[PDB]
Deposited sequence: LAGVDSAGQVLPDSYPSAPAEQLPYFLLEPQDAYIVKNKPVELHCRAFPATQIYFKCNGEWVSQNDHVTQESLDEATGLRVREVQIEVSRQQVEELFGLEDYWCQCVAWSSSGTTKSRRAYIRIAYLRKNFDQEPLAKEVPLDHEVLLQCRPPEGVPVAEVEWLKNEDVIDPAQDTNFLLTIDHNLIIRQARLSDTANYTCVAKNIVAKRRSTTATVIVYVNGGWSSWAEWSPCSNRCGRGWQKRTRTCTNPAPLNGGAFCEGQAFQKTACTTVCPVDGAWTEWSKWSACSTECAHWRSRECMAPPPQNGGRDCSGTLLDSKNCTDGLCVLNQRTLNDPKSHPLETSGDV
């Protein structure tokens, strides 16, 4: 009756990923015995001085537990004089649901428009870290300062450059898996603008009644990514009169 066991090593919290079991390890000294209690029941290594012990916990054990309360294991060590108890280690079922609640939709937009891409990722445990892809490459709001990630996992293109014409994809990840949304095509068009009217051609008669022409062109700018053609006359022709 001198001491009480000290845990050199304690069972650590852990996740069931798919149907793969979890090992818990614990080691203490000094100890005449050491053993796992899960949810108040003793459990031996079978289908479940310094001394150590290990166990496995299985998907089935965690599912079949009565109650909403997290499954837990702790170790108990024995000396000549008493017991010590390890921390409680929590084993949780990890998952990432298959379907996105909300995926982004394709858009046409004018140059300099604000674009909002909606994404509501599948639910996960652990909770799902959301990214966005621009033509594969991962966007990053720090560097790419024309982009904001909303706390709702949405993407904002602040004002649309023309290089922002791309395929955009919401990705959700955790330790279980990664899931890609439906890829949304964003297209940034420029509508056409007229040049200035060229100068009137000289009056076909230097003194008397004649005619002259002028023109302009859908080039200021030319339409782009299927923006609108210019609207109105490209060409004019009227009578003129110079006097002598």
Query - Stretches with no C-alpha position, numbering per deposited sequence from 1 - result: 1-19, 68-79, 276-350
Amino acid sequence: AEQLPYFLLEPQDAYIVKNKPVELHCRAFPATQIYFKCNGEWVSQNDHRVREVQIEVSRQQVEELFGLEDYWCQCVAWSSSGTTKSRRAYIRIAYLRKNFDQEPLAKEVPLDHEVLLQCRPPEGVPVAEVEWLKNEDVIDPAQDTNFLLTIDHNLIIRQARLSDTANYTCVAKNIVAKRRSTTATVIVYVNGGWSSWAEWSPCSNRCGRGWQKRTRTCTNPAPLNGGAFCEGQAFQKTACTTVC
From here on, numbers count along this sequence of modelled residues.
Report summary line: For 88-96 versus 108-116, entry-based mean Cα B-factors point to 108-116
Query raised in the report: Quick one: higher average CA temperature factor, 38-46 or 189-197?
Result: 38-46
Requested in this report: Please pick out which of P11, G232, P221, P21 has the largest Cα B-factor as recorded in the entry.
Outcome: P21
Query raised in the report: Looking at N174, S81, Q74, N146, which has the highest Cα B-factor in the entry?
Result: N146
Report summary line: Quick tally, chain-level thirds of C-alpha B-factors: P122 sits in the middle
Requested in this report: Pull the Cα B-factor of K178 out of the PDB entry and bin it into the chain's lowest, middle or highest third.
Outcome: middle
Query raised in the report: Comparing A184 with the other modelled residues of its chain, is its CA B-factor in the lowest, middle or highest third?
Result: middle
Query - Within-chain third of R59 by Cα B-factor, per the entry - result: middle
Report task. Would you check the entry's CA temperature factor for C207 and let me know if it's in the chain's lowest, middle or highest third? Result -> highest
